[PDB]
Every structure is written in C-alpha cells, then in structure tokens.
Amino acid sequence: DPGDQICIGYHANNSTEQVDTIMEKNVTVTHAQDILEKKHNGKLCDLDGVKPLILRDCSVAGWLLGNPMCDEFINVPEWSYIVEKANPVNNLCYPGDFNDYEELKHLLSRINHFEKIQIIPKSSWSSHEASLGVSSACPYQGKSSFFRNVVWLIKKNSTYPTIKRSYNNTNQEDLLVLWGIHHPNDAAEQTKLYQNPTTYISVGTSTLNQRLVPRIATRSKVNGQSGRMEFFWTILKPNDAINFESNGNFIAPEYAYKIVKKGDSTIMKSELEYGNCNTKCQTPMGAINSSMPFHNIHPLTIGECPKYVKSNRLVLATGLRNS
C-alpha cells in the first residue's frame, strides 16, 4: 500500500516584490520592506505649523536693509525657515557690497525671530538733511527712495557737521546694527552731498575699531549709478553700546533688529511658493511625510526628516524566495 507522507517545505505567495543581493539581483521574495522614500508634495510648507519666510524675489540684504521693493516684509513673524531664490532681483538697489554677507546668513541660520527697533530716529537729524537721501536706483513707487532701515544723510545748507551719535543695548537681547558708506565718482559729488572734501567714518564697540574712508574712482553705472555703497554690520551685546562719528559719506542706522528668538532655521535656495500646508519634513523640492528611514529627494532638509542617500532603490528582504 502507498504509505502516509510527511513533507518539508516553505511558503509562497502572490508577492511580486524583488530584492537584490551580492551574487543575484531581482530576486522575487515573499515579504520585503522598502526603506527609501521617493515622494514629495512639491511645495513649501509650515514646519510645526510655523510659516516659512518666503523672501520671494527679494534677497536677505534687501530685506534687512529695507529695499523699497521688499516692503512686503517690513514686519515679518516667526519662521521655521527662510526661502530665498537663487538670483533674487530685488537686491542692493544702489550698487555696492555687504561686508561678510555669507557669514551673516550663516548666523541667520540659527535665529527664529528678529524684532526691528528704530535705534536712531530719522527726525533726530537736525544738523543734516535726513529725507534728502533718495536715489533713482532705489525706486519706491515710480518716484525715488532708499533703503528704509538706513538713512542717506546729506549736508544741510552748505555745512555737514561732525556726527557723534551713540546707542546702548539697554535690551537684554543682542542687537544687529548695520551701517554703510557712499563711495562717489568725483570730488565734486563729494562736496555736493558732503561739503567736507576729506571724509571719515569711525565705528567703535568693545570688539570693533572701524576707520572707514570713502574710495573715489571712475566706476561704472551699475543700476545707473557709478557710485558704490559698502554696507557693514556687527552684533551688540547687552550692556554694550555702539559709537558712530562721521563727517561724510555716512549711511546712518535707523532701524536695527534684535534676536528675540534664537532657534533652528535654514536658508532654502528654492523657487517654490507657499502652498497652504504643514509638514514635518521640508526639502527645496517639496515636503516629505514618510516613516521610511531614508529618502532621495534633496541633500538639504529641514525638520524631522529621513536620511538622504543618492540611491534609486533600497528594499530589505524580510521573507524567502517566492516560487
């Protein structure tokens, strides 16, 4: 008679999941786990319901200096991350330079609210022309103007007295102070805006000893202006003051920002826009909401985010070869 039979073997199911090994690839398996995510919404979102600071076509310089076109940001709320275009076009309206701009942006990567306070009022300029510092390269509404947070002081009558102003951080939070120097094309322009021909700017703090002198040269009409405007910045510790003393080519700090919230943030070089959303992970290419430990979207991420690998397929085999 045919005998009873015990047999030994394994399980097979309808899984078309394939996994790769060192010797064999595309091995069909009973159970597998994809460990890599490849899905993004394609739009900037809140992070912990905290809105991003979408600078749009404006730059960090124009936003902090007060470019007439960046007036949309005159008052910004708390942000999780700034979004700045690669080549923002609302930048220095008056051609010039920002001393250690990239460093200032690296410090901005660690802030999460700035409060703008008028350090020196624009009406505090009795000996000098305050509202005469407007230019055609900085248009606010098809008429002329300048950076809002800074004042382009100009001689009164035909006399530009020595400015000797001082501000003490009575505030317990550190302050961000920003000033500037106009570098004109000829000595006639010099004496026209600032009577005194030889001019100097003296900025002094506990860690600052600054003796600037305008550089007059035949430069070119960038933005229609051959003159330049070099901008400088520094951080004021509490119980600490900044002293300005200048006789010409002085761009006076009107507004200054305090570091009220020093959290964690980034500068996202992305051309996307706010999409009325909130996610736990944000990339320059979109937002990710994946429990998978890995991702392949963008190496620069913000928030609770997966790890980034430059791979296209990552699946772990959890079962055995399928029939």
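Residue positions are given as counts along the sequence shown, with the first one as 1.
- Mean CA temperature factor is higher for 168 to 176 when stretches 132 to 140 and 168 to 176 are set side by side in the entry.
- Comparing 111 to 119 with 226 to 234, the stretch with the higher mean C-alpha B-factor in the PDB entry is 111 to 119.
- Per the deposited coordinates, the residue with the largest Cα temperature factor out of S265, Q33, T28, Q282 is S265.
- Taking the PDB entry at face value, the top CA B factor among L153, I181, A188, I74 belongs to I74.
- In this PDB entry, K221 carries a Cα temperature factor that places it within the highest third of its chain's modelled residues.
- The deposited CA B-factor of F250 belongs to the lowest third of values across its chain.
- In this PDB entry, the Cα temperature factor of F294 sits in the bottom third of its chain's modelled residues, the lowest group.
- Remark: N276 belongs to the highest third of its chain, ranked by C-alpha B-factor as recorded.
- Remark: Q195 belongs to the lowest third of its chain, ranked by C-alpha B-factor as recorded.
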